[PDB]
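Have a look at the structure below, then the notes.
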Amino acid sequence: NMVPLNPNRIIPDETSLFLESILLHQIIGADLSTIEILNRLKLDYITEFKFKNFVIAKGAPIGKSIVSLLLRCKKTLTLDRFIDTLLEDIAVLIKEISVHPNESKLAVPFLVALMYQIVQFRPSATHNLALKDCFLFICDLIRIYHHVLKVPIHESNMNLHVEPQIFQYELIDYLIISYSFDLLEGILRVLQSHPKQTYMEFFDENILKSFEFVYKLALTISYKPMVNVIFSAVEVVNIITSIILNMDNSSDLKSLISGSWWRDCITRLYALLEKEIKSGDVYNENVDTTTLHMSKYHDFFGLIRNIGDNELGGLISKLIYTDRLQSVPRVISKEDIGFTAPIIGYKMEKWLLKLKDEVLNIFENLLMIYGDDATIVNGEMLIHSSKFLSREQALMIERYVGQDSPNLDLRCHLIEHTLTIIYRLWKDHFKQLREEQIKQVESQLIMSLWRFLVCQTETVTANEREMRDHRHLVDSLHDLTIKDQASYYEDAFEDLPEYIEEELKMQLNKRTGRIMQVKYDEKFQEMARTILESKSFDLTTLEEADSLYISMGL
Amino acid sequence: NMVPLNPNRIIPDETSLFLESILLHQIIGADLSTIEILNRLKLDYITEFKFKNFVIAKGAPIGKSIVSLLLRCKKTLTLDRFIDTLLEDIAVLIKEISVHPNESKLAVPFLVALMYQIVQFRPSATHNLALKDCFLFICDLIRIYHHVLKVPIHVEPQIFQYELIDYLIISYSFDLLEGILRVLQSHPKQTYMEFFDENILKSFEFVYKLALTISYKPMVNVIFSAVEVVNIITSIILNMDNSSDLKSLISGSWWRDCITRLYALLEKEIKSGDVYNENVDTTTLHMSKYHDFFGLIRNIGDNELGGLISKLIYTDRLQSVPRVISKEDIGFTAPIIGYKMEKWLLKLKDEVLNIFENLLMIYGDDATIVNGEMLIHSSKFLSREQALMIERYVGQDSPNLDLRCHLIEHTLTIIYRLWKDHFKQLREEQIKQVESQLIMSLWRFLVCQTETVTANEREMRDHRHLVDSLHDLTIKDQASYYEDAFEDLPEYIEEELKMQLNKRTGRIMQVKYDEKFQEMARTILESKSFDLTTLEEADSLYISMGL
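From first to last, the protein sequence lines stand for chains D and C.
All letters in the first sequence, in the order written, are residues 189 to 526, 532 to 747 by the deposited numbering.
All letters in the second sequence, in the order written, are residues 189 to 341, 349 to 526, 532 to 747 by the deposited numbering.
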C-alpha cells in the first residue's frame, strides 16, 4: 500500500511561473502582453525613478524597467518576498507617475493590473503590510483622479460633456480604479482565506477611511458614476462584510469599523439598489444615476468579472502604437467604442442582476454581522430590503415574465432569497423593528408576503403537463441550459440513468414556476406565509387577515 | 547520527532557473537583460514570420516574439526540448534575417548570444541532436550571407555599417560554434557518435577555411573561435572510447586541411607592442580598431566593444536598424590589455600545440597524421619560442613569460613522445631537416643539470625581484586574496611558496628547469632510439656544460 516518494520530483518554482505569467500577461483584448505595453513607453516628466533598483531612466520604457525589476527581484527574493517587493516597488512607481500631473500616466493602469496579476497570482503568501500598502495606495490614486469618478450627473449647463471623446485617458483613470478595486477584492481574499487567528492587522481605520473617500467618489449620488467602479466598490463592500463575519474576535473590529461608516456605506448602497437598469439605453447617457449604464464611453470588463462587452479592450488592441516607443499612448476613444447583438446588454444585465444578488446577500451579511445591531439596520434593512423585494415582484410580474429573457430565473431565485432575508430579519432581528418604520413600510411587508402566499395549493398542474409549457414560454433559457448541460456540459449527464429525468420533469418545472410567480418551494412559500401570519406582532389586523388569506384560503 | 530530511524541499525547477538565466541574459557590456536587448529589434520589411508560432511584423520587435516564445515555451516544452525549440525557431530567425540582405541583422548577434545561454545552460541537459542542428543552421545562415561570409581584406574608413552588424554577428556566431562544440565536449564520453556526422565535420571544415583566412585578414576573435572549435573536436576525439569510429569519420583530409592552417596560425607572431594594430598582416594578430570585443565566452581583455553591445540597442528608442557601435570611439590607458592579449594569443598557441601533443598521444602508433611534418613544425615551434624567451622575453617582466614557458615545455612533451616511440613515420629527411631544433631542445634542458645555479635562498628570490616582478606581484595577490591559509602558516606552506616561485622564475630563465624536463630532453639524445649525434658530435655538446 506504499505511495512512493518519487526520488526525482519536478515541482514548479511558482515564482518562476509568476515571472512568466507577468511577462506574458495580457489584458483582455490587448495587442501585447500588457507588460510589453509597458515595455514600449518612455516618459519625459520622470527623468529617473528608484525605490530599490528600479531605475526608470530618462530613456526607459516603463516596461523596460519593470521587466528588469522582475528579473532583479526574481534573483533576489523568495516567493512571498517577491510579492511584497513588486507590490511596494510597482506601487511607488504608480505614485511617482500619478502624483506628477504633467506626464503620460498610462503605465499606471497596467501597473495596477500588474498589482492584480501579482496579488492574484500568489494570494497564498501575499501579506498584510503590502496588502494595505497597495490598497490605500490606489485609494489615494483614486482621490487623485477625482475628476472622472465625480463628473456632473448630466453636465449641468455650465459643465459640458464636450470631452475630447477620450476613453484614452478615460481608460487610464477608470482602468486603474476598477483594476485596483479588483485588487482590493483580491487583498481581502488573501486575508479572506487567510487564517482568522490573524485578522487584527489588515483592518485599520486607514483602510476604512481611504475606502470612505474612494467609495464616496465612485458611488457619486450627485454626479454620473460608471458601472465598473460601482460594481467594484460594492464588491469591496461585500468582501469587507464577508470578513466582518469571518473574523472570529468580531466585537473589537466591529467597534473599529464605525457604525456611521457602515451607515455611509449603506446609504449609498440602498441608493444603488434603488437605482435601476434601462437596457435599451444602457449604452447611452440616460437619467440621473437611476439608470446603471456602464456607457460604451467607459466600457471594459474588469478583472474577476467581465460585465461589459469589453469592446474598448479591442481598442486596447489599439492602446499603444504597438510599432512605436510612444511617449503618450494610442487612443482608445469614447466615441468609436460603441442592432448588432443586444446579447451584450443582456449579459451585462445578467451581471447587474448578479450585482444585486451581491447587494442583497451583503445586506444579508450585515444582517448577520449584527444580531444585536446599530444604526445601519434600524428597520431600514426592512424598509429598503423589502422595497427591493416588492419592486422585483412587481417588475418580474408586470414585465419580466413575458419579457421572458435570460434574467428571469436568476432574478427570481435571488429575490425569493431576499424574501428569505426579509424572513430571518422579521423573525430573529424582529427585536429591532419599531412602530415608526413598520408603519413607514407595513405596506411593502404585508403585501409582498401576500403576493408570494397566493400560490401553495396550486390546483393548476402540480406536475409536468403544461407548467412545462411555462418552462418553455419563460424558462426557455434554462431549457437551453438543460440541453447544453446534457449535451455539452456534464461528463455524466448524457444517457440519463432514468432516476434523474423523473426528478427533472418536476424540478425544472417548479423552477419555471418560481419564474412565473407560483409554485415556489414549500420552503419559500411557508417562509413567505410565516412572515405575515406571525400574529405575535399585529402586522395584519386579525379581523381582516381573513379577507387577506381568502385570496387563497385560510 | 542519521542524515536529516526536509519538510518543504523547495527546488527551483531546472527550466525555472533556465528562464532565470535566459530572461536576464546579458553579455559583458551589453548592459541589459539581453532578452530586453532583443525586445529592441523591430524589422519592417519582414511583416510575415512563423516557424513554431513566431508571429513578427513591421514595427514588431524580434524580442517581442522572443519573450513570447520563452514564456509559453516554458510550460509547453521541457528542458532540452525547450533548448531545441529555441535553437530551431530562433535559428529560422537567424536564417530568414540572414537571407534577407535588405534588412540589417542586429538580431543574429544577440539571438546567438541567447543561443549561448541556452547552450551553456547545462552540458548533460542540452542534447546532442539539438546541438547538431544548431551548428547546421548556423552554416545555413552563413550560406545566406554569402556576400559577407568572411572578412575580405578603402571603403572601410571608420564606418561601422555592416561591421557592427553582419561582422559583429559573425564573431558572435563563431563563438557560438566554439561553445556549441564545447558543450558537445562536455557531453559524456559515450554518446558523441550521433554528433559525429560528416555533415557536421564538412560544414566545420568549411567554416574553419573561412575563419583562418590565410589570404584575407582573419579577424582574431574569429581566429580564436575557430581554433577553439578545433580543440573541442580533438577533445571529443580523445573522449569517445570508441575513438575508431570518430577517427574514421574525421577524414585524413580533414586532419591535414585543418592542422596545416593550424601551422600557419602557430607561426603567426604574438607581438603585444602591436597586437591591436592593423599593420604587417598574416603575422601580427590585428583585432585592432577594426574589431575587438568578447563574443560569447572570450574575455578578449578590455571588451572594448562590450559596453557598445549595449550601445548597439538604443535602450531608449525602438530601432529598426542598429544604434551605432563606434569602431574607434573605442579604447587605452596602458597595454595591460596588450599583455593579457599576448597571454590570450599565447593560450591560443597553447590550444594549437595542445591538440597537437594530444593527437601525438592517441595516434601513438603509425598515423597518416603523425607524419613527422608534425615533428618538423612542432620542434620548430619548441626551439623558436625557446630562443625568443631566453633572448627577448627575459627582463621583459610579463605574465606572458609563464605562458611562453608553458608553450616550450608542452611542445617538448610532444616532440619527446614523438622521439621515444613514434619514429615509424620518421626518415632522414626530417632528421637532418630538423636536427638542430631537436638536439638543442635537448641541450637546453641538459645544461640546466648544474643545480649550482640556485643552491641557496639569497639569489633566485632576487632574480624574481628582477624579472619575475609581475608573477611575484601575482604570488602576493595570491597570498593576499586568492587562497585561504595564507595566515598563521604551518612552516611548510610559505616554504613551498618560495621554492615554487624560485624554480618558477628559473623556469622563466630557461635554467633550473624541472629535472623531469631536463631528463625528458636528455633521453632523446642519450637513449639510442635515435642516435642524433655520432661519437664525433655528441661530445661537441657534452663540452658545453663540462662532461
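Built from N, CA and C at the ideal position, the CB exists for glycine as well.
Supposed contact pair residue j and residue i - C-beta distance, whole angstroms, cut 8 Å
{"i": "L607(C)", "j": "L553(C)", "result": "6 Å"}
{"i": "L513(C)", "j": "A301(C)", "result": "With 8 Å as the limit, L513(C) and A301(C) do not qualify as a contact, their Cβ atoms being about 20 Å apart."}
{"i": "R310(D)", "j": "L267(D)", "result": "6 Å"}
{"i": "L725(C)", "j": "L735(C)", "result": "Going by Cβ atoms, the distance from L725(C) to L735(C) rounds to 12 Å, so no, they are not a contact pair."}
{"i": "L480(D)", "j": "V415(D)", "result": "5 Å"}
{"i": "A318(C)", "j": "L275(C)", "result": "5 Å"}
{"i": "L257(C)", "j": "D277(C)", "result": "6 Å"}
{"i": "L701(D)", "j": "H671(D)", "result": "7 Å"}
{"i": "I234(C)", "j": "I225(C)", "result": "That belief does not hold up - the Cβ atoms of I234(C) and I225(C) are roughly 19 Å apart, past 8 Å."}
{"i": "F239(D)", "j": "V280(D)", "result": "5 Å"}
{"i": "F323(D)", "j": "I375(D)", "result": "5 Å"}
Beta-carbon proximity list for residue i, same chain, < 8 Å, skipping 5 on both sides
{"i": "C605(C)", "result": "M589, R707, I708"}
{"i": "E358(C)", "result": "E351, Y485, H486, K522"}
{"i": "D714(C)", "result": "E609, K703, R707"}
{"i": "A459(C)", "result": "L407, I409"}
{"i": "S446(D)", "result": "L396"}
{"i": "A421(D)", "result": "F369, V402, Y403, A406, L407"}
Contact set for residue i: own chain, Cβ-Cβ below 7 Å, skip 5 residues either direction
{"i": "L461(C)", "result": "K549, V552, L553, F581"}
{"i": "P340(D)", "result": "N347, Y411, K412"}
{"i": "residue 347(C)", "result": "A gap in chain C, from 341 straight to 349, means residue 347(C) has no coordinates in the model shown."}
{"i": "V255(D)", "result": "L211, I223, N227"}
Cβ neighbours of residue i in the same chain (closer than 6 Å, five flanking residues each side left out)
{"i": "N426(C)", "result": "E551, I555"}
{"i": "residue 142(C)", "result": "The displayed coordinates of chain C run from 189 to 747. Any statement about residue 142(C) would go beyond what the structure contains."}
{"i": "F391(C)", "result": "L441, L444"}
{"i": "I432(D)", "result": "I562"}
{"i": "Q637(D)", "result": "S579, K580, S583"}
{"i": "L545(C)", "result": "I465, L480"}
{"i": "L363(C)", "result": "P297"}
{"i": "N600(C)", "result": "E542, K543, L546"}
Beta-carbon neighbours of residue i, restricted to chain D and to distances below 9 Å
{"i": "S209(C)", "result": "Those do not exist, as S209(C) stays about 10 Å from chain D at its closest Cβ, beyond 9 Å."}
{"i": "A248(C)", "result": "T510, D511"}
{"i": "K506(C)", "result": "Those do not exist, as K506(C) stays about 12 Å from chain D at its closest Cβ, beyond 9 Å."}
Cross-chain neighbours of residue i in chain D, by beta carbon under 8 Å
{"i": "residue 530(C)", "result": "There are no atomic positions for residue 530(C) here, as chain C continues from 526 directly to 532."}
{"i": "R661(C)", "result": "Correct list: empty, because the minimum Cβ distance to chain D is about 47 Å."}
{"i": "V255(C)", "result": "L211, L212, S221, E224"}
Within chain C, partners of residue i - CB distance below 7 Å
{"i": "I198(D)", "result": "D201"}
{"i": "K252(D)", "result": "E224"}
Partners in chain C for residue i, counting only beta-carbon separations shorter than 8 Å
{"i": "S292(D)", "result": "Those within 8 Å of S292(D) in chain C number zero; the least Cβ separation is about 16 Å."}
Neighbouring residues, chain D, relative to residue i (Cβ below 7 Å)
{"i": "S636(C)", "result": "The contacting residues do not exist; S636(C) stays about 59 Å from chain D at best."}
Per-residue contacts from residue i into chain C (C-beta, under 9 Å)
{"i": "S515(D)", "result": "By Cβ distance, chain C contributes nothing, its closest Cβ being about 11 Å from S515(D), past 9 Å."}
Can you list, in chain order, the residues of the region 257 to 282 of chain C whose Cβ is nearer than 8 Å to any Cβ on chain D?
-> So the list reads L258, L259, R260, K262, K263, given in the order they occur along the chain.
Going along the chain, which unbroken runs of the alpha helix (DSSP H) with 4 or more residues stay wholly within the region 635 to 718 of chain C?
-> Segments of the alpha helix (DSSP H) lying fully in the region 635 to 718 of chain C: 636 to 646, 660 to 663, 669 to 677, 693 to 708.
Near-chain C residues of the region 305 to 324 of chain D - C-beta to any C-beta below 9 Å = Taking 9 Å as the Cβ-Cβ cut-off against chain C, none of the residues of the region 305 to 324 of chain D qualify.
Residues in the region 212 to 246 of chain C having any Cβ partner in chain D nearer than 9 Å | Those would be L212, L220, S221, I223, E224, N227, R228, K230, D232, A245, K246, in chain order.
Output the residue ranges of the alpha helix (DSSP H) runs that lie fully inside the region 416 to 465 of chain D and measure 4 residues or longer, sorted by chain position.
-> Residue ranges of uninterrupted alpha helix (DSSP H) with 4 or more members, entirely inside the region 416 to 465 of chain D and ordered along the chain, are 438 to 444, 447 to 461.
Kindly provide the ranges of any alpha helix (DSSP H) runs that are 4 or more residues long and lie completely inside the region 205 to 238 of chain D, ordered along the chain.
-> The region 205 to 238 of chain D contains these whole alpha helix (DSSP H) runs: 222 to 226.
Interface residues of the region 453 to 473 of chain C facing chain D [CB-CB below 9 Å] | Hits within the stretch: zero.
Can you list, in chain order, the stretches of the alpha helix (DSSP H) that have 4 or more residues and sit fully within the region 577 to 630 of chain D?
-> Within the region 577 to 630 of chain D, the runs of alpha helix (DSSP H) that reach at least 4 residues and sit entirely inside it are, in chain order, 600 to 620.
With 9 Å as the C-beta to C-beta threshold (strictly closer), list the residues of the region 584 to 616 of chain D near chain C in chain order.
-> Listed by position along the chain: nothing, the set is empty.
Can you give me, in chain order, the residues of the region 410 to 434 of chain D that have a beta carbon less than 9 Å from any beta carbon in chain C?
-> The region 410 to 434 of chain D vs chain C, Cβ under 9 Å: nothing.
Using a beta-carbon distance cut-off of less than 8 Å, what residues from the region 357 to 384 of chain C approach chain D?
-> Hits within the stretch: zero.
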